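In: task: produce atomic coordinates for the following.
(one chain, ligands or ions: 3)
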Amino acid sequence: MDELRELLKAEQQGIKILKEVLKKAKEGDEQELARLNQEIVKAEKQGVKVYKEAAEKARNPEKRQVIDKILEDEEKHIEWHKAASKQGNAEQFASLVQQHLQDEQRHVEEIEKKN
Ligand SMILES: [Zn+2]
Ligand SMILES: [Zn+2]
Ligand SMILES: [Zn+2]
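Out: Numbers count the residues shown, from 1 in each chain. Ligands and ions are numbered 1, 2, ... in the order given. Next comes the structure:
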């Protein structure tokens, strides 16, 4: 029983921000969007931090395997949001957010399976 609820905290935080991102995506404001983008970057990387930290303390390779997959995943998300750099991301943005949202929920399944 190690690094379970702790790691979920990262996903939970990311998902919680995504909820507001959905709101601001419909709002369509650069300041709100950039600020939220900024929040995402920090939150997801904080997730990477706890995952990477736990990875180097994985009693079982399978525990690292799950962490490593999400660790890679979580950075992938940021890379996408970073690559946007605000073009005209509103309608297009919301569509992509659905994927991030479904993905992090999948991360929960990858961890808990049945939560
Ligand atoms: Zn993420
Ligand atoms: Zn993912
Ligand atoms: Zn995640």
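
In: near ligand 1, anything from the longest helix that the chain contains?
Out: As assigned by DSSP state H, the longest helix anywhere in the chain is helix 30-55. Yes. Using CB under 5 Å from the ion, we find that helix 30-55 touches ligand 1 at residue 44. Every C-beta, even on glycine, is put in place using the N, C-alpha and C of the backbone.

In: for that helix, packing partners?
Out: Contacts defined by 3 or more CB pairs under 8 Å, 6 or more residues apart in numbering; DSSP states H and E place helix 30-55 against helix 5-27, helix 61-84.

In: now it against helix 5-27, angle please.
Out: Angle between the axes of helix 30-55 and helix 5-27 is 160 degrees (criterion: axes from the mean of the first three to the mean of the last three CA atoms, to 10 degrees).

In: contact residues of the chain facing ligand 2?
Out: 73, 103.

In: closest point of the chain to ligand 1, which residue?
Out: residue 77 (3.6 Å; CB to the ion).

In: so that residue sits against residue 100, correct?
Out: Yes. Under the criterion of CB atoms under 8 Å, residue 77 makes contact with residue 100 at 5.6 Å.
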